[PDB]
Amino acid sequence: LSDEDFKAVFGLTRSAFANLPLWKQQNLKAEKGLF
């Protein structure tokens with residue numbers, strides 16, 4: 001998960017992802033297949 005890859009696959013920055021609730025974080029990770 002490089003910065004641009006993160007932003008690409010999540011459609012948001014690490015900060016904006018961290019801004020998300022834990023369940024949303026895990027949801028997005030799982031959705032992208034990132035364990």
# chains A, B, ... in the order shown; residues from 1 in each chain; ligands from 1

$ residues_around --residues "range 27-33 of chain A" --least-positions-apart "5" --cutoff "12 Å" --atoms "only C-alpha atoms" --output "ChimeraX atom specification"
/A:1,5-6,8-12,17-18,20-22

$ write_last_selection --atoms "C-alpha atoms" --output "short mmCIF file (atom, residue, chain, number, x, y, z; two decimals), in the first residue's frame"
data_model
loop_
_atom_site.label_atom_id
_atom_site.label_comp_id
_atom_site.auth_asym_id
_atom_site.auth_seq_id
_atom_site.Cartn_x
_atom_site.Cartn_y
_atom_site.Cartn_z
CA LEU A 1 0.00 0.00 0.00
CA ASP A 5 -1.99 2.98 -4.43
CA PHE A 6 -3.85 3.62 -1.20
CA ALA A 8 -6.28 4.80 -5.84
CA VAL A 9 -7.89 1.72 -4.32
CA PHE A 10 -9.70 3.53 -1.51
CA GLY A 11 -10.43 6.74 -3.38
CA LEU A 12 -9.19 8.74 -0.42
CA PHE A 17 -9.44 6.76 5.70
CA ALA A 18 -8.34 7.20 9.31
CA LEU A 20 -13.47 6.81 8.93
CA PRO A 21 -14.85 4.67 11.79
CA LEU A 22 -13.01 1.43 12.58
#

$ select_by_dssp --residues "chain A" --states "alpha helix (DSSP H)" --output "list in words"
residues 3, 4, 5, 6, 7, 8, 9, 10, 14, 15, 16, 17, 18, 22, 23, 24, 25, 26, 27, 28, 29, 30, 31 and 32 of chain A
